[PDB]
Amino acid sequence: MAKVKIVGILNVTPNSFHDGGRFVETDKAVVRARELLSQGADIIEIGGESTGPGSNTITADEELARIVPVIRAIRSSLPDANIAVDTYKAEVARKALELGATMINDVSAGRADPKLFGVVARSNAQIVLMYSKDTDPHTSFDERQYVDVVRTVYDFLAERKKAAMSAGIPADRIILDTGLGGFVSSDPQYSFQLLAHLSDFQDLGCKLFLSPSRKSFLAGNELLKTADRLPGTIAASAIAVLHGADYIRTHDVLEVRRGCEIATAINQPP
């Protein structure tokens, strides 16, 4: 059984407000991609629009203005790099694929932009379909309750896979993500239940993709801030791999790679 593919998060978020222009943010992104690769990332995932807590929506033009220089610079300086883009906007995905990205990660599962499925279908790229409790990726993180969150998410992902296939994406280019954290509920129990039952989602026939990545459900009893959730991220990501994850999305490539290697080894027979 194979190693997990580590997806290193590269957020392009211009919020410094100083004398330097867009080039400073682009240069920051390139140094960060080099570091992620140094730490053993298999894939560099570029995102121009945060969907974390308290985030809001940007225009497609602003999102392209952020990620296009970055993709260009990484492709030229690091041509071996495997590039993914985190976007739910068809116009953003189309340009990113033309510039050499090979993976599109859609937190809306193709629901925010009905044209995105066709953009990926006409390419050679893979698509990540993630479960979210609402169609809008920037909905507030309410305390959503579930009678059976595993069944709810499973039925959702089955439906979205069938829609992606009807739009022309073959099953072997579809990757599935249960969602975690606020995407599921501000109540952490449901994220833990998806992690406990993650192997069930292998019956949909698709590779699995997870992003524990210091999310709110890892706050624990101490209600840890983001900066203190690295131990919890390592544990959650290792257990996800133990239960079938093929991709792990993370800010902390070195540590999460090494932790998930242990999970992979525990999964091996003699």
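So that there is no doubt, residue numbering starts at 1 and follows the sequence shown.
Quiz item: Which has higher Cα B-factors on average according to the PDB entry: 119 to 127 or 132 to 140?
Solution: Looking at the recorded C-alpha B-factors, 132 to 140 comes out higher on average.
Quiz item: Comparing 69 to 77 with 96 to 104, which has the greater mean CA B-factor as deposited?
Solution: Higher mean C-alpha B-factor: 69 to 77.
Practice problem: For the C-alpha B-factor as written in the entry, point me to the maximum among 85, 174, 147, 109. | Solution: Of the options given, 147 has the highest CA B-factor in the PDB entry.
Practice problem: Kindly indicate the residue among 48, 212, 40, 54 with the greatest C-alpha B-factor in the PDB record. | Solution: That would be 54, according to the entry.
Exercise. Among all modelled residues of this chain, ranked by Cα B factor, put residue 244 in the bottom, middle or top third, i.e. lowest, middle or highest.
Key: According to the entry, residue 244 has a C-alpha B-factor in the chain's middle third.
Practice problem: Would you mind ranking residue 44 by its C-alpha B-factor against the rest of the chain and naming the third, lowest, middle or highest? | Solution: Bottom third by C-alpha B-factor.
Quiz item: Should residue 152 be placed in the lowest, middle or highest third of its chain by the C-alpha B factor in the entry?
Solution: Highest third - that is where residue 152 ends up once the chain's C-alpha B-factors are sorted.
Quiz item: In terms of the CA temperature factor given in the entry, to which third of its chain does residue 186 belong: lowest, middle or highest?
Solution: For residue 186, whose C-alpha B-factor we compare with every modelled residue in the chain, the answer is the highest third.
Quiz prompt | Where the record places residue 26 (Cα B-factor, split into thirds across the chain) | solution = As the PDB entry reports it, the C-alpha B-factor of residue 26 lands in the middle third of its chain.
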